[PDB]
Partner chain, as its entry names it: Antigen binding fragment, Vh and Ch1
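As C-alpha coordinates, one chain now follows by itself in the form deposited without its partner chain.
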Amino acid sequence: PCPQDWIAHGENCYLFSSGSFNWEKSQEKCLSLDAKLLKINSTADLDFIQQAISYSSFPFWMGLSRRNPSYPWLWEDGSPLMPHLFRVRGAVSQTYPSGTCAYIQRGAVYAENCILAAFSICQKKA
(Lines give C-alpha, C1' and ligand atoms only; values in the text may rest on other atoms or scores of the structure.)
Protein backbone atom coordinates (compact mmCIF):
# COMPACT_ATOMS: atom_id res chain seq x y z
CA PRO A 1 0.00 0.00 0.00
CA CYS A 2 2.63 2.61 -1.09
CA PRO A 3 1.81 6.37 -0.97
CA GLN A 4 0.61 8.33 -3.96
CA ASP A 5 3.56 8.55 -6.38
CA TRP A 6 5.81 5.75 -4.98
CA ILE A 7 6.72 2.33 -6.34
CA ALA A 8 6.33 -0.86 -4.32
CA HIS A 9 8.98 -3.54 -3.97
CA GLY A 10 9.47 -5.97 -1.04
CA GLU A 11 8.69 -4.29 2.33
CA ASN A 12 9.48 -0.90 0.86
CA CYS A 13 8.26 2.08 -1.15
CA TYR A 14 10.49 3.94 -3.62
CA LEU A 15 10.46 7.46 -4.97
CA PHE A 16 12.38 9.03 -7.82
CA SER A 17 13.20 12.57 -6.73
CA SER A 18 11.77 15.34 -8.85
CA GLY A 19 14.99 17.44 -8.49
CA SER A 20 18.73 16.97 -9.17
CA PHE A 21 20.99 18.21 -6.34
CA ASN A 22 24.16 17.26 -4.45
CA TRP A 23 24.20 14.27 -2.20
CA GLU A 24 23.66 16.25 0.99
CA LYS A 25 20.55 18.09 -0.30
CA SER A 26 19.24 14.83 -1.81
CA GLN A 27 19.66 13.11 1.59
CA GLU A 28 17.82 16.03 3.34
CA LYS A 29 15.09 15.82 0.68
CA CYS A 30 14.42 12.16 1.44
CA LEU A 31 14.46 12.86 5.19
CA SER A 32 11.94 15.63 4.53
CA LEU A 33 9.62 12.91 3.21
CA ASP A 34 10.25 10.65 6.26
CA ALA A 35 12.36 8.55 3.95
CA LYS A 36 16.07 7.92 3.37
CA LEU A 37 18.22 7.43 0.29
CA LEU A 38 18.08 4.09 -1.46
CA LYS A 39 19.89 1.17 0.28
CA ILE A 40 20.38 -1.88 -1.94
CA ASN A 41 20.51 -4.98 0.24
CA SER A 42 20.06 -7.75 -2.35
CA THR A 43 20.36 -8.71 -5.95
CA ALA A 44 16.48 -8.33 -6.15
CA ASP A 45 16.76 -4.75 -4.95
CA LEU A 46 19.41 -4.07 -7.54
CA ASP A 47 17.27 -5.47 -10.38
CA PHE A 48 14.09 -3.87 -9.24
CA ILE A 49 15.89 -0.51 -9.28
CA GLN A 50 17.61 -1.24 -12.63
CA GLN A 51 14.15 -1.91 -14.08
CA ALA A 52 12.48 1.16 -12.54
CA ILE A 53 15.09 3.38 -14.07
CA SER A 54 13.72 2.34 -17.50
CA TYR A 55 16.92 3.07 -19.46
CA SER A 56 17.27 6.64 -18.20
CA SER A 57 20.94 7.80 -18.64
CA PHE A 58 20.55 10.21 -15.69
CA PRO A 59 22.61 9.54 -12.56
CA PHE A 60 20.68 8.59 -9.34
CA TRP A 61 22.23 9.06 -5.87
CA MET A 62 21.87 6.11 -3.45
CA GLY A 63 22.61 6.21 0.33
CA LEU A 64 26.12 4.80 0.06
CA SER A 65 29.10 6.99 0.94
CA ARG A 66 32.46 7.30 2.63
CA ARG A 67 34.62 10.23 3.43
CA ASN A 68 37.81 9.06 1.78
CA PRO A 69 39.21 5.87 0.35
CA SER A 70 40.50 4.71 3.70
CA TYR A 71 36.92 4.09 5.02
CA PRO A 72 34.55 1.36 3.97
CA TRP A 73 31.51 2.23 1.89
CA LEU A 74 28.53 2.35 4.32
CA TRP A 75 24.83 2.96 3.98
CA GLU A 76 23.45 6.10 5.77
CA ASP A 77 22.44 3.95 8.81
CA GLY A 78 26.04 2.78 9.20
CA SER A 79 25.58 -0.71 7.71
CA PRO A 80 28.13 -2.16 5.27
CA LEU A 81 27.83 -2.88 1.61
CA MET A 82 26.91 -6.54 1.20
CA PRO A 83 29.49 -8.34 -0.94
CA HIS A 84 27.82 -10.00 -3.92
CA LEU A 85 25.85 -7.07 -5.31
CA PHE A 86 27.85 -4.55 -7.32
CA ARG A 87 31.29 -3.18 -8.00
CA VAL A 88 31.64 0.54 -7.25
CA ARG A 89 33.25 2.03 -10.34
CA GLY A 90 34.35 5.63 -10.99
CA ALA A 91 36.30 7.98 -8.76
CA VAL A 92 37.00 5.51 -5.93
CA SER A 93 40.48 6.69 -5.03
CA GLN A 94 40.42 10.50 -4.83
CA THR A 95 39.66 12.49 -1.70
CA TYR A 96 37.06 15.20 -1.88
CA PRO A 97 36.34 17.76 0.89
CA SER A 98 32.72 16.65 1.19
CA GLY A 99 33.27 12.96 0.70
CA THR A 100 32.66 10.43 -2.01
CA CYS A 101 29.13 9.24 -2.75
CA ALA A 102 27.70 6.43 -4.90
CA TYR A 103 25.10 6.75 -7.66
CA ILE A 104 23.68 4.47 -10.20
CA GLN A 105 23.77 5.21 -13.95
CA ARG A 106 23.10 3.03 -17.02
CA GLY A 107 22.52 0.21 -14.45
CA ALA A 108 26.08 0.40 -13.04
CA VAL A 109 27.32 1.92 -9.75
CA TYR A 110 29.84 4.71 -9.62
CA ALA A 111 31.51 6.91 -7.00
CA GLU A 112 31.83 10.67 -7.40
CA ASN A 113 32.45 13.79 -5.39
CA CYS A 114 29.35 14.35 -3.15
CA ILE A 115 28.95 18.04 -4.23
CA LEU A 116 27.98 17.07 -7.78
CA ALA A 117 24.29 17.20 -8.76
CA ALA A 118 22.22 14.09 -9.56
CA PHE A 119 18.75 12.81 -9.27
CA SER A 120 18.14 10.44 -6.36
CA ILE A 121 15.87 7.62 -5.15
CA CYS A 122 14.36 7.63 -1.66
CA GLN A 123 12.85 4.76 0.23
CA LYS A 124 10.68 4.08 3.26
CA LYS A 125 8.81 1.06 4.64
CA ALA A 126 5.28 0.35 3.19
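Positions refer to the first chain, counted from 1.
Annotation for 112-120 versus 10-18: the higher mean temperature factor (C-alpha) is found in 10-18. Higher mean CA temperature factor between 31-39 and 84-92: 84-92, per the PDB entry.
Set against one another, the Cα B-factors of 59, 72, 97, 63 in the record reach their highest point at 97. In the PDB entry, residue 101 places in the lowest third of its chain by CA B-factor.
Below, we turn to the form solved in complex with its partner chain, even though it does not appear here.
Although the partner is absent here, residue 41 is not a contact residue: none of its heavy atoms lies within 4.5 angstroms of its partner chain in the deposited complex. Using a 4.5 Å cutoff between non-hydrogen atoms, residue 79 does not count as a contact of its partner chain in the deposited complex. In the deposited complex, at least one heavy atom of residue 118 sits within 4.5 Å of its partner chain. Contact annotation: residue 25 falls outside 4.5 Å of its partner chain in the deposited complex, judged by heavy atom distances. Annotation for 42-64: interface residues with its partner chain in the deposited complex are 57, 58, 59, 61 [heavy atom within 4.5 Å].
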